[PDB]
Amino acid sequence: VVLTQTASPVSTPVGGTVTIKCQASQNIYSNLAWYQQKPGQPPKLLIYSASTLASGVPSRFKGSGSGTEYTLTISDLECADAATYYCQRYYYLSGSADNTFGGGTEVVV
Amino acid sequence: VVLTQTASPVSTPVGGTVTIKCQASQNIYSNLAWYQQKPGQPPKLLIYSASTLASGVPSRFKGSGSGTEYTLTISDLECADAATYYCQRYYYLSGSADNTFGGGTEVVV
Amino acid sequence: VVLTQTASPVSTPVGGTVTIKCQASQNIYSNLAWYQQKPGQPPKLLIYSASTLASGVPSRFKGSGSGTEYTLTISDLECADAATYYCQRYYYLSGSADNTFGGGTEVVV
Amino acid sequence: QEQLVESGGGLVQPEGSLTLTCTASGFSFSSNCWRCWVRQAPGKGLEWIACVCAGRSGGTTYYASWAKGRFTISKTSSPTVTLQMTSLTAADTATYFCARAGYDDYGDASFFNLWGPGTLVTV
Amino acid sequence: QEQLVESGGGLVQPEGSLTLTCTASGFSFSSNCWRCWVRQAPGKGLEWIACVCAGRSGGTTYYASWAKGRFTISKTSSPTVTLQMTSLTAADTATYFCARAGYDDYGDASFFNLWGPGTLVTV
Amino acid sequence: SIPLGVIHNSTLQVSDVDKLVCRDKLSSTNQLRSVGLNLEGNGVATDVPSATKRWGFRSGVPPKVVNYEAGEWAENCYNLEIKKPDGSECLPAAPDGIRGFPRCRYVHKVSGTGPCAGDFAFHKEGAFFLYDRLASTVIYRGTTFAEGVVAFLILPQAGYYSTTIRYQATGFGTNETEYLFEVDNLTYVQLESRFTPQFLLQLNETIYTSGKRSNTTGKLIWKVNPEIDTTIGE
Amino acid sequence: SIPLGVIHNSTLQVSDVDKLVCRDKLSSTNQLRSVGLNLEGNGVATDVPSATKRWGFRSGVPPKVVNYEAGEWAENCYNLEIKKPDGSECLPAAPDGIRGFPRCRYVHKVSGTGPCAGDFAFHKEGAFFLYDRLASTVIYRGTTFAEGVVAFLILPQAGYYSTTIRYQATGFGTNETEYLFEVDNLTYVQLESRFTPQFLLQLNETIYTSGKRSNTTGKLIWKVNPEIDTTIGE
Amino acid sequence: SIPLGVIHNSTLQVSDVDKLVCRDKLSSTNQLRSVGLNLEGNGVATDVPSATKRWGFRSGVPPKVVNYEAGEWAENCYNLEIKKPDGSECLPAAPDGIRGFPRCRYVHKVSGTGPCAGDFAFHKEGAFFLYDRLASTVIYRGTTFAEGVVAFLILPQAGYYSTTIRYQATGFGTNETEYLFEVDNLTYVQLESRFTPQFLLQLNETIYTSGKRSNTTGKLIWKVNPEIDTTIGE
Amino acid sequence: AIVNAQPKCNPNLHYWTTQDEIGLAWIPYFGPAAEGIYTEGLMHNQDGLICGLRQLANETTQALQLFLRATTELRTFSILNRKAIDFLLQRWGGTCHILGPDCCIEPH
Amino acid sequence: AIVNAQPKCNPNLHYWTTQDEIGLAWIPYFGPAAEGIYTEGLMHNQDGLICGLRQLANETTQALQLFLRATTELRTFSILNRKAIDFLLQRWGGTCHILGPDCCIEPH
């Protein structure tokens, strides 16, 4: 499976919403996870199951989409929200443990 | 509801067919309208209900789409058709009167 | 019918996979053919019926899609894979011969 | 072994006339009968001209919408097929290809699998 | 609270070998038992390597197609898990992370909710 | 009304509604039986060029379906997949519960293009299309069927090897239709209205053995001579 | 043939087809009745680990549904949500007109993953999944049901509390299946085949009162000791 | 139980279940019949403002449909298309097999908006929406119907031109609903509950002949005076 | 008997029905469209049949609605069959005395 | 009687039917697939039954098509039940004379 992100240095003024799209090559039945990685630090999980908010994550982030197209939207933008963003497809450990990451989309404040 | 337009200074030689896509954040049941705003003049309604042509508007413009994706197509572009374009979602005034405009797309001859 | 391609001189380092997207203004029931044209030489057939692989073509090229959205994926991009790519909608010659070509997408190694 | 070389073409003054010939060899002409012409402007996209069912009796001659009353094709019994154009204009200056239509499981379609080297027409 | 510190890594000549150690503390190891390794080349995307069910009897070890034979994860009864690499080619220089898999209503899945700081490997 | 046949002393007679027949006895619903009989048992042409001329297209008439409990082994069954020139599909998809004829010797898989007027494909002679224990009035896409009729009866008180033959047609539904028997993805044989399936299989075997398959990327269409009937021309 | 029960003198007999009895009397179709009886009335195991082993996946058999007009109050009812490892769904969506069992005391909601062979989940013992007045032969996704059978009778001439218990299963459909009772989104209890639903509710109450709930971001799985049966370990 | 009408000596009587009437005779199922009768035969208001107030919206009741074999010519029929304020659709799509009433004289096509509570539109008086040989208990979107009731009978032993009137409604389903009769895409007439369809057609013709149509891009709404009844005001 | 309690009655029943009973008209391919399979009739004469029949229709609706609520049929097509079966069972549904008042058998 | 007017008649009927009548074969889980639930037979012996049957099937189609056109069912399954009910009603429908020609109650 190949995943195509927005793939652009998105720039947005402070306070505006920023949207990132993670297209897939087939149906994945809403098995996407959204991660944020600041430079140097290890990535932090933001979204799993394409809709559920991870624990300790501000409600500003939102996820949606289904089938082959999924979106992550940041409604309110701050200075801290400047890092790389990834989308991965995951399997359940009962069967295979395949996990395919996206490309990576940086955000400029 | 968030309306995302093409968001690009589209350039097209005179005589071509330009297309502007206005994606939404959810299903809106084909409740869009298109406005052409020249610099300084007030906007003018072009297409309402996403397919019907407003009175006194040339049949050169054509709107289409459904669900969450809608497009406005201008054929054989002339020098006059050089203005900003907006997509706008509306309600029926029996209930609420909420309405939201698009970002705005500029076309260069 | 208007065929809208990627419309961008996409550049990809050798070894990666490139993707070309060919949009349509209406449902075409998967009647697209993909052509490549090196500078000077006549075009060559790559994929017909939007999924079938024409004779004398390496399995690197793949085609997919349905309805109004169709994609061509070139896997393991090579130096020789540098040409202008077209998507064409054809008809069955039983009662018609209309055919519309795409805009053309350039690929850079 | 299997070619669609073309003859004719070159420099012609505007409001002139020209005739082009397409020659085929190396395959069953009766079976693969559909021959079509394609036009490519310098640095532009491809564009269809006309098609003919040359190789058997009957058939139909399909013409493009923009080219009606012009660019008339001729049904010749021999595999060679001729296309004559009149009222030439500077816009017509382009490369002309002769192509053979392909086939599918449901019949033969308009996608072309075999092309020709192509000739240059200058107005 | 919960830490996934890793030990090892540094400068090693090509066609060599090195062992990384992942130490876990601050959470129920028997309950959350899946541990995986992820590699990130400098300035590139992430890449899964292998996973192991460390913390309970049985389980399964899942490997990646690209990393077969060259890599080997070890099932240690202690929460620490070791990954041994052989035949270190010049392309292996990257940052390595030890991660813990997450769970959903339908059971444990491959998405990782806890990460380690990451160790450097240069060849 | 619907006629009802009665079997007495190995003789079949139509039950008379007004006359009350005392000798007729019906002990349970197991005696009542609906049986579907093929048209090929009446001595009708079975080859594709003749069979396909008994079907037409129409619009404005909804389709109806009935059941039957017993059938007959069919020597010839058909399977159609037709498309409009623009690329769309003519025949509607199979509804849930519809399945192909369970006992067919030869299956004439036909795929092609045609004008496809109307909305549904009906039988010109008024017969039924027999699917698996279901007689319909319209043809469904890509589903094996057999032409046949249904009869109701009162019963007296008391391996499977299928072969698929593949065709191709242009201008389906019109009076000027051309059929081509397919022996390969690149080689075809001109089809007439006098070839039995055994002859078609023999022609296929001869084509494969004699090395007359097309070697280029084009199409090669053979044509059997009428007199000798064994030396294929072109 | 389908047996028919006759009730006379408060005694039930199976109707005899060949011997025609004149004592029995039928006056109207109101006397005919169909009744669905639960399997738990026969004294079979009802807990999830033993109940889920009676259902097996298969392909190549269409499903069938038959209605009934009266049922029995069910103490245990089930609700399944199974997905393949890749993320696809196994059980089909409930068709129109299908609803959950009306009278259920404890509803065992099981969600998990499994190999999901075949296409439909049938009963290994040949019983029915009752649903709401429509006994089927397959399991539908998200719809409450109850194992049971159907009987046909000729009648003689003459509050509600629902509790949902949530489980989580891994390896569903195989012999090596691991079940976990859920008390919270982060805390689980290992499940044995000897815990009545009331025992599970008491375990939930003890977990909540004693402050054994997970406080970190990970999962916490408790294991109850077999001997003392009140001091949960790990 | 469902009453059954018996016709004897050109008189109608209700069949008595307990008393077996020997003179009643039923030779074949052809004598049994079901007939649908419109409500307008009982002398009830038929104009849209009074008709639309007999239908309500509700959720939690599944719709049911029953067939009838004969009907009565209807003078008034209705065709509804209602949208929620956001733009969604209220009335469910027409299932396959449902078609409009066959014989209508005036069809009042009403399109408008409303709060649209509930899920289905039921009849407040308990009647049925007749449709074509399939009386239902709910309204389907864009399908011609007519309110009526179904009766069952034992039979004794023995041009069509339509007109469409176009309305527009605001606040449909509430007690404060405003109706407008549409004569053009831009010109409307305020509607009262005393205008016969022929009067509306005459108003249309008078407005066109008098040149009262809107010429601007805005809307024009006329209002017929109550006394003179021929001088439309504004 | 049945007495009409409706506010008003329309004494004439201008009806349409579907049953008919030539050439190739029975074949669906050559048959009439979906709108031309109906007939017409007018029962202008009646001995109060129409006015009582309307009241019978009004009377039956409560039982019909309750029966529809009870069943789980999406579409019901078998009411008349049940009525016929009930009629037959009531006439003959067990032991039948020849001279009994509950039997239709008469001696002669 | 029935006389066959068809161009040809096939004297043999090679039929298949689904009714059968073992261990766990009745259970759908262990039962045969959807393709192996049929049986086979051959009525080679005949006394004009097959030729009469083909003509009867030809004759029935007009009435069957008209009946299908009249109804509104998407799928009809209740023809045989209607035939049985009609048969019973014709046999017993009301007043029954013991010695009348309309009744089958033979005296002895």
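As written, the chains take the letters A, B, C, D, E, F, G, H, I and J, and residue 1 is the first residue of each chain.
Simple rule for what comes next: a contact is a pair of C-beta atoms (placed from the backbone, for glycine too) under 8 Å apart; a residue touches a chain by one contact, two chains touch by 3 or more.
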item	value
Pair in G-J, H-J or F-J that repeats H-I, with over half of contact pairs matching by residue number	F-J
Selected pair, greater C-beta contact count between H-I and C-D	H-I
Distance from chain J to chain I - Cα centre to Cα centre, in angstrom	27
Centre-to-centre distance between chain H and chain D (centres being mean Cα positions), rounded to whole Å	63
Between chain B and chain G, centroid-to-centroid distance (C-alpha), Å	55
Euclidean distance of C-alpha centroids - chain D vs chain I, Å	72
Junction residues of chain C, two or more chains touched	31, 91-92, 94, 96
Per-residue multi-chain contacts in chain D, two or more chains	106-107, 113
Junction residues of chain H - those touching two or more other chains	22, 26, 29, 67, 97, 133-134
Chain B residues within the chain A interface of the complex	2, 4, 25
In the complex, chain D residues that touch chain F	2, 26-28, 30-32, 100, 103, 105-107, 113-114
Residues on chain C engaged by chain D in the complex (per definition of touch)	31, 33, 42-45, 48-49, 54, 86, 88, 90-94, 96-99, 101-104
For the chain J and chain G complex, residues of the former touching the latter	26-29, 31, 33-35
Chain I-facing residues of chain F, complex	56, 58, 60-62, 122-126, 137
